[PDB]
Every structure is written in C-alpha cells, then in structure tokens.
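The data below hold one chain only, encoded as structure tokens and taken in the form deposited without this ligand.
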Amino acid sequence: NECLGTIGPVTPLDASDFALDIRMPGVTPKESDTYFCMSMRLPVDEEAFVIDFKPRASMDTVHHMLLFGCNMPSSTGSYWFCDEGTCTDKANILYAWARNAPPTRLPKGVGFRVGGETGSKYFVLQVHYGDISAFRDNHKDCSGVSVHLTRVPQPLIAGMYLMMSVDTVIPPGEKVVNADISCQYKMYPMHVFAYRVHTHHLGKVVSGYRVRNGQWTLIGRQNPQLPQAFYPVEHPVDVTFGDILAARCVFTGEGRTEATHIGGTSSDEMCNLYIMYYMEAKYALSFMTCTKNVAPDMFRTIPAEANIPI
C-alpha cells in the first residue's frame, strides 16, 4: 500500500483512539525471499491497547508479514535484514499476515496491552518478500500494517502462550521424528481464540492440546507448510491451573544428508506453536512460554490425528 508521504504515520481516530501505520521505508528487495525488518517507537509513553490491525500488503511480492512488540529492536537503522535479528529482548508477536490465508479479527473488547511501564515500547515489523519479480521496476515498497491503538482500558487482554522445542535433533533420512512439548499451566484461566504454527521445511504436522484429567482437547492442528497465519480455534478452550498444555511437531529427516537441529536458518528447524489467548483484565498476563517437556509419558495418549498429516 502507498507510502504515506506528507501526512505521517499517525492518524487521530478520536481523542482516545489513533491509527499508527508501520510501513517499510520505501524498500526494494534485490533477491527473492528477502526478510526486511523495521521498528516504530510507540508515539505515546503511557499505556495503550492495540485493538485492531489492517494489513497494507502488496499482493504480488509480500509472502507474509509479522508484527511484534518489544523494547529493544535488533537494529537502530531505518530497516534491516531480519536475519540480523528482530528484537534483542523478547519479541512478542501480535499479528501475522499470510498471503493466502486472511487474518481473523480480534474479538471485540480484547486488546494487547502496550506502552506504559511494562508493555512494549516498540513495534518491529517483518515483511517477507518472496518473489521479487515486480521489483525490476526498482520501485520502493512500503508494505506494512496499520495498528489501531486506544487508551481506553480493554475488558479482556490478549496475550501469547508460546510452546517451543529447543532440543530436537532430526537424523538424516529419519522417517519420523517427534518434538514433544508440555508444561503445567499455573496462572489464572486463559481462553485460546487463535493459534499459529511455525516449522521450517521438514515440518509435517504441528498440534497443540489442553490435557485435563487425562483427556485431550485439541487447540489447533495445522500443516506448517500451509500459510502460517493465526487461525481461529474451532471452539474457545479455557486453560486452567492444573491443566497441561501439550504440543507435538512431526518432522522427517528425508531429503537431508545430515542431522537437523533447532535453529534459525532454513537448514535448521523450529517447532513453534503460538497460542493466542485472552484473559480478564484484572487477572491477565501478556505472555507465557513453554520450552520444556514435563510429561513425556503423557504422549502415549496423544490423539492419532497428531501423527497423521493434514
């Protein structure tokens, strides 16, 4: 979508609301599959709430876009290759836009808390230029996301529960390697409303579940090779103190002449399940993470769908 020019990136929507456009600074990808990053300091220092997102993506070149909240972008520059890093501190994903899998809106009354003393001070945008054909014109690109921010406190707060493997090793040619992740939930109840799966080329299926008294409730199941957008859940699933979140990524080593471990490059793998949730404002925490596997055995009871592709 058009570069903003003279009007700037901030549009007053009303006294309490305003839209902030986060766009690439007129960039021109010179190689296919370029990952460019840029940051935007929040205009206000006080706490605000992000209540909507509107993509401004060029349907041709842009493969996917991710918007994160953090306090220390990886670079002080205008833009930079994301392979340099997104955020020095923890990058809290807030939005993902995938080319052929349109994003779902946040439920109304739900917002991510930013700014203030504890929320993100910056937004970091990542734009993945896949096919850079339409860039021979050597035209500058300003794709991005328009965020709707409000100072009006939201009754439900959005957060992210990230389950990620750190130790997986996929022997070469190995037909099937599983990456199990599990943790006991120890906070106030959260309600999952969307999920996103992330894996590199060896990923076949990624599934996540709430396990309560031994029964498995599907949160989300997706083939990570399909566009990695946040997909809505079939039905809202509350996760409560006492429950255990379980996730499994099914990989294959076929095609690889060497072992593949967890890592950031395409020759490495990742097993990430982003579980987007909402919590009552007074009980809400913005992010939780599980990088462990506390109930290995429990996986003997994982639904068969978790192993069969989709």
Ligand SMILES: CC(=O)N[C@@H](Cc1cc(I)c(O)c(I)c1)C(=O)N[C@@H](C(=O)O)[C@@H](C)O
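Numbers follow the displayed sequence, beginning with 1.
The protein also exists as the form solved in complex with this ligand; that form is not presented, and the subsequent description refers to it.
Partner proximity in the bound PDB entry, defined as non-hydrogen atoms within 4.5 angstroms of this ligand, places exactly one of 87-95, 72-80, 217-225, 172-180 at the interface: 87-95.
Residue contact check for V147: one or more of its heavy atoms lie within 4.5 Å of this ligand in the bound PDB entry.
Although the partner is absent from this view, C142 stays clear of this ligand in the bound PDB entry, with no non-hydrogen atom inside 4.5 angstroms. Contact check for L285: every heavy atom lies farther than 4.5 Å from this ligand in the bound PDB entry. When contacts are judged by a 4.5 Å heavy atom cut-off, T252 does not count as touching this ligand in the bound PDB entry.
Judged against this ligand in the bound PDB entry with a 4.5 angstroms heavy atom cut-off, the residues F18, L162 and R196 are in contact without exception. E47 is the sole member of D33, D60, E258, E47 with a non-hydrogen atom lying within 4.5 angstroms of this ligand in the bound PDB entry.
Interface residues of 258-297, taken as those with a heavy atom within 4.5 Å of this ligand in the bound PDB entry (partner not displayed): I262, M270, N272, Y274, in sequence order.
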